[PDB]
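# sequence first, structure after, both from an experimental entry:
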Amino acid sequence: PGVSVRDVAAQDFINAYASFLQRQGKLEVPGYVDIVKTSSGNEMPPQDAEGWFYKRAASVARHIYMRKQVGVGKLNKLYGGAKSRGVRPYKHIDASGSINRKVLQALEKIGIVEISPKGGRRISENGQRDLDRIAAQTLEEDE
Amino acid sequence: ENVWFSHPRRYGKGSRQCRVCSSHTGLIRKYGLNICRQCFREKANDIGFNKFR
Amino acid sequence: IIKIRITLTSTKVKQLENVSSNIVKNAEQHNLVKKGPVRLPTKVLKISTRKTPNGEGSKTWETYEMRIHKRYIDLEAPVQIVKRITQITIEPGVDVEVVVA
Amino acid sequence: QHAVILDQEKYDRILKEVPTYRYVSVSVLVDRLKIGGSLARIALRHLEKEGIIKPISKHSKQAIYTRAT
Amino acid sequence: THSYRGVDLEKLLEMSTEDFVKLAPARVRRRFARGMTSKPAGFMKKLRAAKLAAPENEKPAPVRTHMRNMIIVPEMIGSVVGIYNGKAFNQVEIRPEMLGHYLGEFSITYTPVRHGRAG
Amino acid sequence: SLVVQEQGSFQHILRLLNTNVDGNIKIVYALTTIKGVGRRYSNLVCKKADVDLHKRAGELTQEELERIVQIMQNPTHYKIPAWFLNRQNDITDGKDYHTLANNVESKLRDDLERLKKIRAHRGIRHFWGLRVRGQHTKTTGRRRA
RNA sequence: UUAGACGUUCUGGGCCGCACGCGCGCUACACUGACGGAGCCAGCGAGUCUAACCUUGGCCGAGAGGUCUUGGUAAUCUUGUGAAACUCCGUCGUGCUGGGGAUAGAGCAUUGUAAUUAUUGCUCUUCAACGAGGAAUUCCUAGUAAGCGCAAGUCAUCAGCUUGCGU
């Protein structure tokens, strides 16, 4: 009867949308996609070395869908976690900014988010149209 | 004598001091107060800092 | 007429509420639209000194508080009656500022 | 210690012994068989795509399986 | 045979102190990027003027100083400096491999332990 | 259902860069017994050498191991950036070297001996056998060993 | 004591120096776990006019950080402080091992007149003891103990400390 991404489970939508972005093959993943730790609190690079970048692009687009607008500073606080600094206690550490900025620029070039008044980036005309189509397919997976 | 007071005092405990007794130990500079710990406790009532809970 | 705003700030509840009451009482003595007193959240300013001079004894701590109460009233009035109502209600302990527009 | 590569003498031991296992799981394989733990977590997938054991709950930290029939 | 970071020792002396810093580490690069009004000329004038004392024979006269926080540059190579440890000036001849180091690294400020064993 | 039945090509402990690499653990963490590679250097060199990371070390036929040791001994030619490198603008050359298995203990020995013969303060602390960085000694660091 | 000063001020150094004993603590000894993605939830507060405080957003950079701007003298902006433990999916698989991260090497930055006796942050490398701790001994009765982070004080820079706050 008409569905949005708010009626889809988050993990099951992000996995399904990340596969769709890779199947299209047009996202311009950076050349540094296999070197980077993605945070200074992390220890090791992402394990899924081929498609970890498509999962950030899917996760960020849903996040912009659910919010009004965000910028690369709000994404670094979101995707960062506690850092083990050895003998001293844990603390929150923001994530890597270059990755989030490249994700947002890739999404603008595919034309799914757009630059916004009041700063940040809002979701676009085609953004709502395209997020909701994969949102429709994810409900009807169960045979 | 051009070297008399020539060392810079722009940060740290040497620059700031109490405005009542000119000490450097136990200074309170919250809300721009600039009064030592012991001096503030004797005249917190006059400033308007009462002790409720 | 002109759009005005009167902001009140004090550390005394009893001395502030009656001043705002005089403001609104003069506001409907000669009637005009109120946008009456919107009380902002009270600010508690805490200073936590230790207790003492020199550190002998049990490590006992004090906390001192100053409470800042703030209220603003958004009035509109002719230019004449602005000055008199801003000058009559002047009381010690209460800081009044008036924003022109 | 624990074998990490199938050697076709462990493989037939998989097929003819897990139907006898009424409770079968990752720690069940590594105790009664001598298997590598990460090989067990692959085996419980392989024993599902063709039905020899059936899932009753699949949690990422705990898999619970019974014999299919 | 001696080179600092790929440039030879005879390339070091025929090279200004600005070009040396351009291949130095980050602490040396940062200090002389904000090193305006550091007063470097008073000490360095007494070093070249002490090299004229010895024509070809043994090491020049010591130039004693208090600046422990001064980075060794190639123009200092061959000089001898008395570095104040806090009470006493210690003569140390500036070997070519001392580049990029502070003068306080070569004048210890404490006599170490000698725990027990009065002998 | 990732079951594979390879039986013959598996290998036990094997030598790379004069070090016995355990053959039946995952390749990225198997390489880390070499003194000079770690969990993040070895991951990148496996990615650059194009190795399926899910393989044990008893896999990896000899041309793949030859590719891997080519990456380790010459990283900058295979697009590894210079900030992974263990030595950068090192002390004499100004080149970029990643120090490897037997060279790690020797290049460290070279550096300690280099700053010992200059009688820098770090060298004297190293020769005495004390904590060379600026850390307290009155209560910790006992049992010199 | 008071002018060769015990006044004051300036350059350096020390308070941090280590055969060793003690007190408060932090991190641990792992599978009720580590790592990687994904979910995403607070409360107490602080913040700059003749001075550079809290900083959104864009751009650059692996990161730390840089740069161009912006909002805020504040229930208005930072800030919904999108905190951490936690939750889901996967990799590991009983091996001092992918637990632990001491010690040490090389580089890049930031604060500062100045960083050597590492201020601190980051990147790669190095991979120590520790396998649940003897006699002893501390604190605690319900939104408490314990786990978990956050703000403020000190501050230019430095929090393994404290004062509070919530989960």
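Alright, I've got the coordinates. Numbers count the residues shown, from 1 in each chain, chains lettered A, B, ... in the order given.
# rest of the way, CA atoms for contacts and neighbours
Will do.
# show me where chain C has strands.
Ranges of strands within chain C are C:2-3, C:5-10, C:38-39, C:43-47, C:64-73, C:76-77, C:94-99, based on DSSP state E.
# give me the phi and psi for residue F:87.
With angles defined as degrees, to the nearest 10, residue F:87 sits at phi -120, psi 130.
# spatially nearest residue to it (excluding sequence neighbours)?
Counting by C-alpha to C-alpha, 6 or more residues apart in numbering or on different chains, residue F:87 lies nearest to residue F:97, which is 5.2 Å off, once chain neighbours are set aside.
# OK, contacts around the one you found?
Counting by C-alpha atoms under 8 Å, 6 or more residues apart in numbering or on different chains, residue F:97 makes contact with F:85, F:86, F:87, F:88, F:90.
# the second one and residue E:5, how far apart?
In other words, residue F:86. To residue E:5, residue F:86 is 16 Å away according to C-alpha to C-alpha, to the nearest Å.
# can you check the first one too?
When distances are taken as C-alpha to C-alpha, residue F:85 and residue E:5 turn out to be 16 Å apart.
# follow-up on the earlier one: just the contacts of residue F:97 now: which is nearest chain E?
Nearest to chain E, judged by C-alpha to the nearest C-alpha, of the contacts of residue F:97 is residue F:90 at 7.3 Å.
# contacts only, for the one residue in chain C that gets nearest to chain F.
Using C-alpha to the nearest C-alpha, the closest approach of chain C to chain F is made by residue C:55 at 24.3 Å. Residue C:55 makes no contacts at all, as judged by C-alpha under 8 Å, 6+ apart.
# quick one, phi psi at it?
Backbone geometry at residue C:55, expressed as degrees, to the nearest 10, gives phi -80, psi 60.
# what's the burial count for residue 78?
Picked chain A for this. 12 (other C-alpha atoms under 10 Å in any protein chain shown).
# meant chain C actually
Look at residue C:78: counted by other C-alpha under 10 Å, it has 12 neighbours.
# now do the lengthiest helix in chain C and strand C:64-73, the angle between them.
In chain C, ranked by residue count with DSSP state H as the criterion, the top helix is helix C:13-27. In terms of direction (axes from the mean of the first three to the mean of the last three C-alpha atoms, to 10 degrees), helix C:13-27 departs from strand C:64-73 by 10 degrees.
# helix C:13-27 vs chain B: in contact?
No - shown here: helix C:13-27 not in contact with chain B (C-alpha under 8 Å from any C-alpha of the partner chain), separated by at least 13.8 Å.
# and the contacts of that helix?
Identification of contacts with helix C:13-27 by C-alpha under 8 Å, 6+ apart yields C:8-10, C:33-34, C:36-37, C:69, C:85, C:89-91, C:93-94.
# how far away from the center of its chain is it?
10 Å (C-alpha atoms, centre = their mean, to the nearest Å).
# what residues of that helix count as buried?
Neighbour-count burial for helix C:13-27, counted by 16 or more other C-alpha atoms under 10 Å in any protein chain shown, picks out C:16, C:17, C:19, C:20, C:23, C:24, C:27.
# again with stretch A:20-31
Going by neighbour count (16+ other C-alpha under 10 Å), the buried part of stretch A:20-31 is A:21, A:27, A:29.
# which helix or which strand is home to the residue nearest to the second one when sequence neighbours are not counted?
In this case it means residue A:27. Distance criterion C-alpha to C-alpha, 6+ apart; nearest residue to residue A:27, sequence neighbours excluded, is residue A:106 at 5.9 Å. If you go by DSSP states H and E, residue A:106 is part of helix A:97-110.
# just give me the neighbour total for residue 86.
Just so you know, I chose chain A. Neighbour tally, residue A:86, other C-alpha under 10 Å: 7.
# ah, I was thinking of chain F
Neighbour count for residue F:86, taken as other C-alpha under 10 Å: 16.
# for it, which residues are in contact?
Residue F:86 sits next to F:97, F:98, F:99 when contact means C-alpha under 8 Å, 6+ apart.
# can you list these in CSV and add secondary structure and distance to RNA strand G?
Shown next, in CSV, are the contacts of residue F:86 (DSSP: H, G, I helix; E, B strand; the rest coil; distance: C-alpha to the nearest atom of the strand, whole Å):
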residue, secondary structure, distance to RNA strand G
F:97, strand, 9
F:98, coil, 7
F:99, coil, 7
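# so who does residue F:116 touch?
Residue F:116 makes contacts with F:122, F:123, F:124, F:126, F:127, as judged by C-alpha under 8 Å, 6+ apart.
# strands - which of the residues you listed land there?
Among the contacts of residue F:116, none falls in strands (DSSP E).
# looking at those, which has the most residues close by?
residue F:123 leads the contacts of residue F:116 on contacts (other C-alpha under 10 Å) with 21 neighbours.
# my read: it touches residue F:109, true?
No - in this structure residue F:123 lies outside contact range of residue F:109 using C-alpha atoms under 8 Å: 11.4 Å.
# can you name the element that comes right after the lengthiest helix in chain B?
Criterion DSSP H: the longest helix present in chain B is helix B:37-42. Counting by DSSP H and E, the next helix or strand C-terminal to helix B:37-42 is helix B:44-47.
# can you show me the CA trace of that following helix as CSV?
In CSV, the C-alpha atoms belonging to helix B:44-47 read as follows (Å, rounded to 0.1, in the frame of the first residue of the first chain):
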residue,chain,number,x,y,z
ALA,B,44,31.5,33.9,49.1
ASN,B,45,28.6,35.4,51.1
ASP,B,46,29.3,38.9,49.9
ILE,B,47,29.5,37.8,46.3
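# now do the buried residues in it.
residue B:44.
# which residues touch it?
Applying C-alpha under 8 Å, 6+ apart, the external contacts of helix B:44-47 come out as B:50, C:64.
# so which residue is smack in the middle of chain E?
Centroid-nearest residue in chain E, with C-alpha atoms, centre = their mean: residue E:72, separated by 3.8 Å.
# likewise for chain B?
Centroid-nearest residue in chain B, with C-alpha atoms, centre = their mean: residue B:18, separated by 2.9 Å.
# residues touching that residue, list them.
Contacts for residue B:18 (C-alpha under 8 Å, 6+ apart) come out as B:24, B:27, B:34, B:35, B:36.
# does stretch D:53-63 come close to RNA strand G?
Yes - using C-alpha under 7 Å from any atom of the strand, stretch D:53-63 comes into contact with RNA strand G via D:58, D:59, D:60, D:61.
# which residue comes closest to residue C:93 once chain neighbours are left out?
residue C:10 (6.0 Å).
# surely the one you found and residue C:69 touch.
Yes - here residue C:10 reaches residue C:69: they are 5.5 Å apart, a contact under C-alpha under 8 Å.
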